>>> print(open('run_23.cif').read())   # mmCIF, C-alpha atoms
data_input
#
loop_
_atom_site.group_PDB
_atom_site.id
_atom_site.type_symbol
_atom_site.label_atom_id
_atom_site.label_comp_id
_atom_site.auth_asym_id
_atom_site.auth_seq_id
_atom_site.Cartn_x
_atom_site.Cartn_y
_atom_site.Cartn_z
ATOM 1 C CA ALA O 503 -14.530 -9.126 31.923
ATOM 2 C CA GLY O 504 -13.059 -5.665 31.298
ATOM 3 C CA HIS O 505 -14.739 -2.454 30.122
ATOM 4 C CA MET O 506 -12.995 0.548 28.532
ATOM 5 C CA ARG O 507 -15.757 2.604 26.778
ATOM 6 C CA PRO O 508 -14.264 4.754 23.871
ATOM 7 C CA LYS O 509 -14.648 8.553 23.715
ATOM 8 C CA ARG O 510 -15.393 10.878 20.779
ATOM 9 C CA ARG O 511 -13.501 14.184 20.437
ATOM 10 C CA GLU O 512 -11.931 14.314 16.947
ATOM 11 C CA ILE O 513 -13.171 13.147 13.512
ATOM 12 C CA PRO O 514 -11.628 10.166 11.523
ATOM 13 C CA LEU O 515 -9.740 10.110 8.179
ATOM 14 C CA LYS O 516 -11.406 7.090 6.450
ATOM 15 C CA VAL O 517 -10.256 8.361 2.991
ATOM 16 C CA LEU O 518 -6.479 8.759 2.866
ATOM 17 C CA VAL O 519 -6.544 4.942 2.568
ATOM 18 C CA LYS O 520 -10.198 4.324 1.682
ATOM 19 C CA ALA O 521 -9.531 6.228 -1.538
ATOM 20 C CA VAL O 522 -6.926 3.527 -2.008
ATOM 21 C CA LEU O 523 -9.014 0.502 -0.887
ATOM 22 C CA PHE O 524 -11.578 1.799 -3.384
ATOM 23 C CA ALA O 525 -9.281 1.793 -6.464
ATOM 24 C CA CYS O 526 -7.894 -1.650 -5.453
ATOM 25 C CA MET O 527 -11.015 -3.220 -7.041
ATOM 26 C CA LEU O 528 -10.714 -1.789 -10.600
ATOM 27 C CA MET O 529 -8.130 -4.400 -11.706
ATOM 28 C CA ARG O 530 -7.642 -6.905 -8.855
ATOM 29 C CA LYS O 531 -6.745 -9.700 -11.386
ATOM 30 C CA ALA W 1 -27.761 16.368 -2.065
ATOM 31 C CA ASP W 2 -24.135 17.576 -2.260
ATOM 32 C CA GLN W 3 -22.651 16.893 1.203
ATOM 33 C CA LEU W 4 -23.740 14.051 3.519
ATOM 34 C CA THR W 5 -22.541 12.979 7.020
ATOM 35 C CA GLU W 6 -18.771 13.421 7.641
ATOM 36 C CA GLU W 7 -17.811 9.717 7.329
ATOM 37 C CA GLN W 8 -20.484 8.967 4.720
ATOM 38 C CA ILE W 9 -19.055 11.563 2.297
ATOM 39 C CA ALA W 10 -15.513 11.206 3.799
ATOM 40 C CA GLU W 11 -14.288 8.938 0.988
ATOM 41 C CA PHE W 12 -15.762 10.171 -2.330
ATOM 42 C CA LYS W 13 -15.409 13.777 -1.105
ATOM 43 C CA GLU W 14 -11.750 13.654 -0.519
ATOM 44 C CA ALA W 15 -11.390 11.258 -3.427
ATOM 45 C CA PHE W 16 -13.294 13.899 -5.366
ATOM 46 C CA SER W 17 -10.254 16.209 -5.403
ATOM 47 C CA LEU W 18 -7.949 13.153 -5.931
ATOM 48 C CA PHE W 19 -8.723 13.120 -9.654
ATOM 49 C CA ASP W 20 -10.278 16.528 -10.181
ATOM 50 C CA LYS W 21 -7.384 18.794 -11.393
ATOM 51 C CA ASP W 22 -9.769 20.796 -13.531
ATOM 52 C CA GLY W 23 -12.954 19.537 -11.831
ATOM 53 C CA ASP W 24 -15.771 20.400 -14.248
ATOM 54 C CA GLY W 25 -17.508 18.194 -11.722
ATOM 55 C CA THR W 26 -16.328 15.003 -13.370
ATOM 56 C CA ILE W 27 -13.334 12.711 -13.481
ATOM 57 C CA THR W 28 -11.152 12.427 -16.463
ATOM 58 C CA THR W 29 -8.834 9.778 -17.744
ATOM 59 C CA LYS W 30 -5.600 11.864 -17.354
ATOM 60 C CA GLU W 31 -6.622 11.837 -13.673
ATOM 61 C CA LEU W 32 -7.703 8.179 -13.304
ATOM 62 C CA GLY W 33 -4.270 7.166 -14.593
ATOM 63 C CA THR W 34 -2.453 9.442 -12.169
ATOM 64 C CA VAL W 35 -4.530 7.663 -9.499
ATOM 65 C CA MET W 36 -4.149 3.960 -10.375
ATOM 66 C CA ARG W 37 -0.370 4.078 -10.765
ATOM 67 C CA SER W 38 0.065 4.520 -6.992
ATOM 68 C CA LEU W 39 -1.674 1.160 -6.351
ATOM 69 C CA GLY W 40 0.843 -0.988 -8.303
ATOM 70 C CA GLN W 41 -0.693 -1.458 -11.760
ATOM 71 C CA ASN W 42 0.812 -1.277 -15.289
ATOM 72 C CA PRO W 43 1.158 2.547 -16.010
ATOM 73 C CA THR W 44 -0.625 2.755 -19.378
ATOM 74 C CA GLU W 45 -1.690 5.917 -21.223
ATOM 75 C CA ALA W 46 -4.853 4.292 -22.534
ATOM 76 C CA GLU W 47 -5.508 2.562 -19.151
ATOM 77 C CA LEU W 48 -7.163 5.791 -18.006
ATOM 78 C CA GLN W 49 -9.045 6.320 -21.328
ATOM 79 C CA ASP W 50 -9.904 2.583 -21.170
ATOM 80 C CA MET W 51 -10.831 2.491 -17.442
ATOM 81 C CA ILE W 52 -13.422 5.272 -18.096
ATOM 82 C CA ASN W 53 -14.633 3.536 -21.296
ATOM 83 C CA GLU W 54 -16.256 0.515 -19.627
ATOM 84 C CA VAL W 55 -17.278 2.479 -16.546
ATOM 85 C CA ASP W 56 -18.340 5.359 -18.843
ATOM 86 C CA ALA W 57 -20.436 8.003 -17.030
ATOM 87 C CA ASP W 58 -20.220 10.600 -19.765
ATOM 88 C CA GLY W 59 -17.916 8.509 -21.977
ATOM 89 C CA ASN W 60 -15.796 11.465 -22.927
ATOM 90 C CA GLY W 61 -13.289 9.819 -20.666
ATOM 91 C CA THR W 62 -15.023 11.160 -17.612
ATOM 92 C CA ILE W 63 -16.452 9.383 -14.623
ATOM 93 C CA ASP W 64 -18.804 10.849 -12.029
ATOM 94 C CA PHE W 65 -18.865 10.342 -8.212
ATOM 95 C CA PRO W 66 -21.444 7.383 -8.123
ATOM 96 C CA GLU W 67 -19.672 5.382 -10.877
ATOM 97 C CA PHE W 68 -15.920 5.287 -9.891
ATOM 98 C CA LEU W 69 -16.836 3.431 -6.670
ATOM 99 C CA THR W 70 -19.477 1.159 -8.292
ATOM 100 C CA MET W 71 -16.711 -1.456 -8.123
ATOM 101 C CA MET W 72 -16.108 -1.051 -4.345
ATOM 102 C CA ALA W 73 -19.838 -0.545 -4.050
ATOM 103 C CA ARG W 74 -19.975 -3.818 -5.979
ATOM 104 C CA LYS W 75 -17.952 -5.459 -3.215
ATOM 105 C CA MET W 76 -20.882 -4.265 -1.074
ATOM 106 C CA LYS W 77 -23.284 -6.263 -3.321
ATOM 107 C CA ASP W 78 -20.916 -9.235 -3.703
ATOM 108 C CA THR W 79 -19.538 -11.118 -0.653
ATOM 109 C CA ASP W 80 -16.027 -10.863 -2.070
ATOM 110 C CA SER W 81 -15.380 -8.372 0.796
ATOM 111 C CA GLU W 82 -13.253 -10.982 2.684
ATOM 112 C CA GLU W 83 -10.508 -11.730 0.082
ATOM 113 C CA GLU W 84 -10.201 -8.084 -1.104
ATOM 114 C CA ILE W 85 -9.531 -6.308 2.252
ATOM 115 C CA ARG W 86 -6.219 -8.172 2.717
ATOM 116 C CA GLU W 87 -5.019 -7.332 -0.833
ATOM 117 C CA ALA W 88 -6.517 -3.838 -0.512
ATOM 118 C CA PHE W 89 -3.986 -3.608 2.340
ATOM 119 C CA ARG W 90 -1.240 -4.541 -0.102
ATOM 120 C CA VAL W 91 -2.317 -1.339 -1.874
ATOM 121 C CA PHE W 92 -0.359 0.673 0.697
ATOM 122 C CA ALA W 93 1.552 -2.267 2.167
ATOM 123 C CA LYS W 94 4.324 -2.788 -0.384
ATOM 124 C CA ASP W 95 6.263 -4.476 2.404
ATOM 125 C CA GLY W 96 3.744 -7.355 2.468
ATOM 126 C CA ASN W 97 3.678 -6.959 6.266
ATOM 127 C CA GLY W 98 2.492 -3.570 7.561
ATOM 128 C CA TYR W 99 3.441 -1.924 10.841
ATOM 129 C CA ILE W 100 1.805 0.327 13.385
ATOM 130 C CA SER W 101 2.266 3.985 12.307
ATOM 131 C CA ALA W 102 -0.179 6.940 12.312
ATOM 132 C CA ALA W 103 2.401 8.583 10.056
ATOM 133 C CA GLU W 104 1.132 6.156 7.370
ATOM 134 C CA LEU W 105 -1.576 8.754 6.570
ATOM 135 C CA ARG W 106 1.177 10.999 5.341
ATOM 136 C CA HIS W 107 2.952 8.199 3.393
ATOM 137 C CA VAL W 108 -0.214 7.254 1.425
ATOM 138 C CA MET W 109 -0.824 10.841 0.212
ATOM 139 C CA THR W 110 2.902 11.408 -0.470
ATOM 140 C CA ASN W 111 2.886 8.001 -2.236
ATOM 141 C CA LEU W 112 0.914 10.099 -4.738
ATOM 142 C CA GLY W 113 3.084 13.042 -3.646
ATOM 143 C CA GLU W 114 0.476 15.177 -1.910
ATOM 144 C CA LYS W 115 1.574 18.196 0.068
ATOM 145 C CA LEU W 116 0.568 18.696 3.692
ATOM 146 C CA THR W 117 1.906 20.750 6.635
ATOM 147 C CA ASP W 118 3.226 19.643 10.067
ATOM 148 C CA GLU W 119 0.098 21.090 11.743
ATOM 149 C CA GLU W 120 -2.266 19.574 9.158
ATOM 150 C CA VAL W 121 -0.894 16.183 9.979
ATOM 151 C CA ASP W 122 -0.484 17.102 13.666
ATOM 152 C CA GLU W 123 -4.255 16.969 13.666
ATOM 153 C CA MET W 124 -4.524 14.118 11.131
ATOM 154 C CA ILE W 125 -1.803 12.505 13.237
ATOM 155 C CA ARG W 126 -3.800 13.067 16.447
ATOM 156 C CA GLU W 127 -6.973 11.990 14.740
ATOM 157 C CA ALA W 128 -5.484 8.494 15.156
ATOM 158 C CA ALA W 129 -3.597 8.740 18.524
ATOM 159 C CA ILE W 130 -3.972 5.261 20.030
ATOM 160 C CA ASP W 131 -3.224 4.344 23.659
ATOM 161 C CA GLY W 132 -0.930 7.386 23.593
ATOM 162 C CA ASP W 133 1.775 6.129 21.194
ATOM 163 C CA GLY W 134 0.290 7.052 17.802
ATOM 164 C CA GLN W 135 0.945 4.030 15.551
ATOM 165 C CA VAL W 136 -1.550 1.790 13.602
ATOM 166 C CA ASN W 137 -0.962 -1.534 11.683
ATOM 167 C CA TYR W 138 -3.420 -3.660 9.543
ATOM 168 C CA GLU W 139 -5.803 -3.646 12.587
ATOM 169 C CA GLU W 140 -6.995 -0.028 12.090
ATOM 170 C CA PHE W 141 -6.029 0.028 8.364
ATOM 171 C CA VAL W 142 -8.518 -2.734 7.465
ATOM 172 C CA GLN W 143 -11.026 -1.583 10.072
ATOM 173 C CA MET W 144 -10.775 1.736 8.236
ATOM 174 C CA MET W 145 -12.160 -0.227 5.266
ATOM 175 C CA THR W 146 -14.411 -2.748 7.122
ATOM 176 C CA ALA W 147 -16.212 0.034 9.030
ATOM 177 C CA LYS W 148 -18.802 2.305 7.384
#
>>> encode(input="run_23.cif", output="structure tokens")
Amino acid sequence: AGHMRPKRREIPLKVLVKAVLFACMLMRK
Amino acid sequence: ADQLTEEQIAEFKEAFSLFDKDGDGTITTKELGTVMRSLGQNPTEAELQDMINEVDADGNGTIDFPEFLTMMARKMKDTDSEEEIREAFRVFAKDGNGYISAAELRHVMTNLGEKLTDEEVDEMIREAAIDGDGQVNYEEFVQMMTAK
């Protein structure tokens, strides 16, 4: 079908937005 | 006990300094209000003293690391995870659309007005280099939230 297989070299951010998707629950109407 | 795996602690760690100006090891109201405002809520002075009241960890207007998230951690208990992730996008997406940019990382923090260098982001920029262009829309922005 089509293989690509990702590689790991650098670490992710998962906070500079996650620390924004986290506070979007405090008062979501 | 204090520091877990990189992506496990990645959120509350970095979001640990988000509020913590003083950082007695807790989160204060004067902080929680400086936080919220960047999401698109009504900038109230008591909103921060009120937000820590009901989610009171110490109740001196301070919230700890396991409590502030108890609401996103709640979304982990509740299956409301489907309708929130698209509005949680709106958090950063004030355009109601959202385009592919790795530079977004720098717009979120500066949305609060954080200060970073060209090399700091050259790495944080390359930490997201896709295909070889370097831009990322709602696909990696939500996946950033949908993935643990």
>>> closest_atom_pairs(input="run_23.cif", of="chain W", to="chain O", cutoff="10 Å", atoms="only C-alpha atoms", output="tab-separated table")
residue	atom	partner	partner_atom	distance
W:6	CA	O:513	CA	8.1
W:7	CA	O:516	CA	7.0
W:8	CA	O:516	CA	9.4
W:9	CA	O:517	CA	9.4
W:10	CA	O:517	CA	6.0
W:11	CA	O:517	CA	4.5
W:12	CA	O:521	CA	7.4
W:13	CA	O:517	CA	8.5
W:14	CA	O:517	CA	6.5
W:15	CA	O:521	CA	5.7
W:16	CA	O:521	CA	9.4
W:18	CA	O:521	CA	8.4
W:32	CA	O:525	CA	9.5
W:35	CA	O:525	CA	8.1
W:36	CA	O:525	CA	6.8
W:38	CA	O:522	CA	8.6
W:39	CA	O:526	CA	6.9
W:40	CA	O:526	CA	9.2
W:41	CA	O:529	CA	8.0
W:51	CA	O:528	CA	8.1
W:55	CA	O:528	CA	9.8
W:68	CA	O:525	CA	8.2
W:69	CA	O:524	CA	6.4
W:70	CA	O:524	CA	9.3
W:71	CA	O:527	CA	6.1
W:72	CA	O:524	CA	5.4
W:73	CA	O:524	CA	8.6
W:74	CA	O:527	CA	9.0
W:75	CA	O:527	CA	8.2
W:84	CA	O:527	CA	7.7
W:85	CA	O:523	CA	7.5
W:86	CA	O:523	CA	9.8
W:87	CA	O:526	CA	7.9
W:88	CA	O:523	CA	5.0
W:89	CA	O:523	CA	7.3
W:90	CA	O:526	CA	9.0
W:91	CA	O:526	CA	6.6
W:92	CA	O:522	CA	7.7
W:104	CA	O:519	CA	9.1
W:105	CA	O:518	CA	6.1
W:106	CA	O:518	CA	8.4
W:107	CA	O:518	CA	9.5
W:108	CA	O:518	CA	6.6
W:109	CA	O:518	CA	6.6
W:123	CA	O:512	CA	8.8
W:124	CA	O:515	CA	7.2
W:125	CA	O:515	CA	9.7
W:126	CA	O:512	CA	8.2
W:127	CA	O:512	CA	5.9
W:128	CA	O:514	CA	7.3
W:141	CA	O:519	CA	7.6
W:142	CA	O:523	CA	9.0
W:143	CA	O:516	CA	9.4
W:144	CA	O:516	CA	5.7
W:145	CA	O:520	CA	6.1
W:146	CA	O:520	CA	9.9
W:147	CA	O:516	CA	8.9
W:148	CA	O:516	CA	8.9
>>> write_last_selection(input="run_23.cif", atoms="C-alpha atoms", output="PDB file, keeping the file's coordinate frame")
ATOM      1  CA  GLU W   6     -18.771  13.421   7.641  1.00  0.00           C
ATOM      2  CA  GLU W   7     -17.811   9.717   7.329  1.00  0.00           C
ATOM      3  CA  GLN W   8     -20.484   8.967   4.720  1.00  0.00           C
ATOM      4  CA  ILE W   9     -19.055  11.563   2.297  1.00  0.00           C
ATOM      5  CA  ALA W  10     -15.513  11.206   3.799  1.00  0.00           C
ATOM      6  CA  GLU W  11     -14.288   8.938   0.988  1.00  0.00           C
ATOM      7  CA  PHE W  12     -15.762  10.171  -2.330  1.00  0.00           C
ATOM      8  CA  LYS W  13     -15.409  13.777  -1.105  1.00  0.00           C
ATOM      9  CA  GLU W  14     -11.750  13.654  -0.519  1.00  0.00           C
ATOM     10  CA  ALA W  15     -11.390  11.258  -3.427  1.00  0.00           C
ATOM     11  CA  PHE W  16     -13.294  13.899  -5.366  1.00  0.00           C
ATOM     12  CA  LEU W  18      -7.949  13.153  -5.931  1.00  0.00           C
ATOM     13  CA  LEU W  32      -7.703   8.179 -13.304  1.00  0.00           C
ATOM     14  CA  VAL W  35      -4.530   7.663  -9.499  1.00  0.00           C
ATOM     15  CA  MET W  36      -4.149   3.960 -10.375  1.00  0.00           C
ATOM     16  CA  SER W  38       0.065   4.520  -6.992  1.00  0.00           C
ATOM     17  CA  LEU W  39      -1.674   1.160  -6.351  1.00  0.00           C
ATOM     18  CA  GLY W  40       0.843  -0.988  -8.303  1.00  0.00           C
ATOM     19  CA  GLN W  41      -0.693  -1.458 -11.760  1.00  0.00           C
ATOM     20  CA  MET W  51     -10.831   2.491 -17.442  1.00  0.00           C
ATOM     21  CA  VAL W  55     -17.278   2.479 -16.546  1.00  0.00           C
ATOM     22  CA  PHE W  68     -15.920   5.287  -9.891  1.00  0.00           C
ATOM     23  CA  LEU W  69     -16.836   3.431  -6.670  1.00  0.00           C
ATOM     24  CA  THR W  70     -19.477   1.159  -8.292  1.00  0.00           C
ATOM     25  CA  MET W  71     -16.711  -1.456  -8.123  1.00  0.00           C
ATOM     26  CA  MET W  72     -16.108  -1.051  -4.345  1.00  0.00           C
ATOM     27  CA  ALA W  73     -19.838  -0.545  -4.050  1.00  0.00           C
ATOM     28  CA  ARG W  74     -19.975  -3.818  -5.979  1.00  0.00           C
ATOM     29  CA  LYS W  75     -17.952  -5.459  -3.215  1.00  0.00           C
ATOM     30  CA  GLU W  84     -10.201  -8.084  -1.104  1.00  0.00           C
ATOM     31  CA  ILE W  85      -9.531  -6.308   2.252  1.00  0.00           C
ATOM     32  CA  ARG W  86      -6.219  -8.172   2.717  1.00  0.00           C
ATOM     33  CA  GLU W  87      -5.019  -7.332  -0.833  1.00  0.00           C
ATOM     34  CA  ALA W  88      -6.517  -3.838  -0.512  1.00  0.00           C
ATOM     35  CA  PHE W  89      -3.986  -3.608   2.340  1.00  0.00           C
ATOM     36  CA  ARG W  90      -1.240  -4.541  -0.102  1.00  0.00           C
ATOM     37  CA  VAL W  91      -2.317  -1.339  -1.874  1.00  0.00           C
ATOM     38  CA  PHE W  92      -0.359   0.673   0.697  1.00  0.00           C
ATOM     39  CA  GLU W 104       1.132   6.156   7.370  1.00  0.00           C
ATOM     40  CA  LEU W 105      -1.576   8.754   6.570  1.00  0.00           C
ATOM     41  CA  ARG W 106       1.177  10.999   5.341  1.00  0.00           C
ATOM     42  CA  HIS W 107       2.952   8.199   3.393  1.00  0.00           C
ATOM     43  CA  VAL W 108      -0.214   7.254   1.425  1.00  0.00           C
ATOM     44  CA  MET W 109      -0.824  10.841   0.212  1.00  0.00           C
ATOM     45  CA  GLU W 123      -4.255  16.969  13.666  1.00  0.00           C
ATOM     46  CA  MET W 124      -4.524  14.118  11.131  1.00  0.00           C
ATOM     47  CA  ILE W 125      -1.803  12.505  13.237  1.00  0.00           C
ATOM     48  CA  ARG W 126      -3.800  13.067  16.447  1.00  0.00           C
ATOM     49  CA  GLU W 127      -6.973  11.990  14.740  1.00  0.00           C
ATOM     50  CA  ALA W 128      -5.484   8.494  15.156  1.00  0.00           C
ATOM     51  CA  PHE W 141      -6.029   0.028   8.364  1.00  0.00           C
ATOM     52  CA  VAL W 142      -8.518  -2.734   7.465  1.00  0.00           C
ATOM     53  CA  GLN W 143     -11.026  -1.583  10.072  1.00  0.00           C
ATOM     54  CA  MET W 144     -10.775   1.736   8.236  1.00  0.00           C
ATOM     55  CA  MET W 145     -12.160  -0.227   5.266  1.00  0.00           C
ATOM     56  CA  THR W 146     -14.411  -2.748   7.122  1.00  0.00           C
ATOM     57  CA  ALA W 147     -16.212   0.034   9.030  1.00  0.00           C
ATOM     58  CA  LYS W 148     -18.802   2.305   7.384  1.00  0.00           C
TER      59      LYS W 148
END
>>> resolve_selection(input="run_23.cif", expression="the PyMOL selection byres ((chain W and resi 27-30) around 9)", output="list in words")
residues 16, 19, 20, 21, 22, 23, 24, 25, 26, 31, 32, 33, 34, 35, 45, 46, 47, 48, 49, 50, 51, 52, 60, 61, 62, 63, 64, 65 and 68 of chain W
>>> axis_aligned_box(input="run_23.cif", around="range 512-520 of chain O", padding_each_side="5 Å", output="JSON")
{"center_x": -9.8, "center_y": 9.3, "center_z": 9.3, "size_x": 16.7, "size_y": 20.0, "size_z": 25.3}
>>> closest_residue(input="run_23.cif", among="W:102, W:4, W:57, W:76", to="residue 132 in chain W", atoms="all atoms listed in the file")
W:102
>>> atom_distance(input="run_23.cif", atom1="CA of residue 138 in chain W", atom2="CA of residue 112 in chain W")
20.3 Å
>>> atom_distance(input="run_23.cif", atom1="CA of residue 135 in chain W", atom2="CA of residue 98 in chain W")
11.1 Å
>>> atom_distance(input="run_23.cif", atom1="CA of residue 120 in chain W", atom2="CA of residue 136 in chain W")
18.3 Å
>>> decode(input="run_23.cif", residues="chain O", atoms="N, CA and C atoms", output="mmCIF file, in the first residue's frame")
data_model
loop_
_atom_site.group_PDB
_atom_site.id
_atom_site.type_symbol
_atom_site.label_atom_id
_atom_site.label_comp_id
_atom_site.auth_asym_id
_atom_site.auth_seq_id
_atom_site.Cartn_x
_atom_site.Cartn_y
_atom_site.Cartn_z
ATOM 1 N N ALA O 503 0.838 -1.229 0.000
ATOM 2 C CA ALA O 503 0.000 0.000 0.000
ATOM 3 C C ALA O 503 0.862 1.264 0.000
ATOM 4 N N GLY O 504 1.934 1.250 0.805
ATOM 5 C CA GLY O 504 2.832 2.393 0.892
ATOM 6 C C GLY O 504 3.354 2.614 2.299
ATOM 7 N N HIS O 505 4.606 2.207 2.529
ATOM 8 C CA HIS O 505 5.247 2.355 3.838
ATOM 9 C C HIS O 505 6.221 3.530 3.837
ATOM 10 N N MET O 506 6.347 4.184 4.995
ATOM 11 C CA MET O 506 7.244 5.334 5.151
ATOM 12 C C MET O 506 8.180 5.150 6.345
ATOM 13 N N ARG O 507 7.628 4.634 7.467
ATOM 14 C CA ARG O 507 8.384 4.388 8.719
ATOM 15 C C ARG O 507 9.062 5.675 9.252
ATOM 16 N N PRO O 508 8.468 6.357 10.287
ATOM 17 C CA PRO O 508 9.048 7.589 10.868
ATOM 18 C C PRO O 508 10.330 7.328 11.659
ATOM 19 N N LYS O 509 11.148 8.374 11.807
ATOM 20 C CA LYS O 509 12.414 8.283 12.539
ATOM 21 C C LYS O 509 12.427 9.242 13.725
ATOM 22 N N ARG O 510 13.150 8.856 14.782
ATOM 23 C CA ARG O 510 13.257 9.669 15.996
ATOM 24 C C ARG O 510 14.673 10.220 16.158
ATOM 25 N N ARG O 511 14.775 11.553 16.228
ATOM 26 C CA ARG O 511 16.064 12.237 16.388
ATOM 27 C C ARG O 511 15.963 13.372 17.410
ATOM 28 N N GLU O 512 14.886 14.162 17.314
ATOM 29 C CA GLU O 512 14.653 15.288 18.222
ATOM 30 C C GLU O 512 13.391 15.059 19.055
ATOM 31 N N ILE O 513 13.296 15.763 20.194
ATOM 32 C CA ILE O 513 12.139 15.640 21.094
ATOM 33 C C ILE O 513 11.005 16.613 20.702
ATOM 34 N N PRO O 514 9.713 16.302 21.045
ATOM 35 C CA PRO O 514 8.568 17.165 20.705
ATOM 36 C C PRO O 514 8.338 18.304 21.712
ATOM 37 N N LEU O 515 7.416 19.211 21.354
ATOM 38 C CA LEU O 515 7.048 20.365 22.189
ATOM 39 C C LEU O 515 5.933 19.994 23.171
ATOM 40 N N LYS O 516 4.807 19.506 22.611
ATOM 41 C CA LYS O 516 3.603 19.069 23.346
ATOM 42 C C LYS O 516 3.260 19.877 24.622
ATOM 43 N N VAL O 517 3.563 21.187 24.630
ATOM 44 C CA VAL O 517 3.241 22.035 25.789
ATOM 45 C C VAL O 517 2.896 23.467 25.394
ATOM 46 N N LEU O 518 3.665 24.002 24.468
ATOM 47 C CA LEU O 518 3.490 25.355 23.957
ATOM 48 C C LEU O 518 2.097 25.573 23.336
ATOM 49 N N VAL O 519 1.290 24.508 23.364
ATOM 50 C CA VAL O 519 -0.081 24.503 22.870
ATOM 51 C C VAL O 519 -0.919 23.674 23.835
ATOM 52 N N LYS O 520 -0.321 22.582 24.348
ATOM 53 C CA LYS O 520 -0.966 21.724 25.324
ATOM 54 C C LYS O 520 -1.281 22.474 26.607
ATOM 55 N N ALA O 521 -0.451 23.480 26.907
ATOM 56 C CA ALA O 521 -0.647 24.327 28.074
ATOM 57 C C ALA O 521 -1.672 25.413 27.745
ATOM 58 N N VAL O 522 -2.311 25.199 26.595
ATOM 59 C CA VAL O 522 -3.325 26.068 26.051
ATOM 60 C C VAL O 522 -4.587 25.249 25.751
ATOM 61 N N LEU O 523 -4.414 23.924 25.515
ATOM 62 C CA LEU O 523 -5.539 23.025 25.274
ATOM 63 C C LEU O 523 -5.993 22.486 26.629
ATOM 64 N N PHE O 524 -5.173 22.804 27.647
ATOM 65 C CA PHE O 524 -5.408 22.421 29.030
ATOM 66 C C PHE O 524 -6.308 23.450 29.736
ATOM 67 N N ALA O 525 -6.018 24.740 29.505
ATOM 68 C CA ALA O 525 -6.775 25.846 30.107
ATOM 69 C C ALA O 525 -8.074 26.147 29.343
ATOM 70 N N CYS O 526 -8.264 25.479 28.190
ATOM 71 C CA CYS O 526 -9.466 25.661 27.364
ATOM 72 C C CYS O 526 -10.638 24.800 27.874
ATOM 73 N N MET O 527 -10.498 24.288 29.102
ATOM 74 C CA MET O 527 -11.520 23.437 29.722
ATOM 75 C C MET O 527 -12.089 24.075 30.991
ATOM 76 N N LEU O 528 -11.365 25.069 31.539
ATOM 77 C CA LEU O 528 -11.767 25.781 32.763
ATOM 78 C C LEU O 528 -13.157 26.425 32.632
ATOM 79 N N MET O 529 -13.363 27.168 31.535
ATOM 80 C CA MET O 529 -14.639 27.838 31.265
ATOM 81 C C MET O 529 -14.995 27.735 29.776
ATOM 82 N N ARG O 530 -15.311 26.509 29.344
ATOM 83 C CA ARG O 530 -15.677 26.234 27.950
ATOM 84 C C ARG O 530 -17.202 26.340 27.731
ATOM 85 N N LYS O 531 -17.843 27.281 28.460
ATOM 86 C CA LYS O 531 -19.303 27.530 28.391
ATOM 87 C C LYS O 531 -20.115 26.313 28.855
#
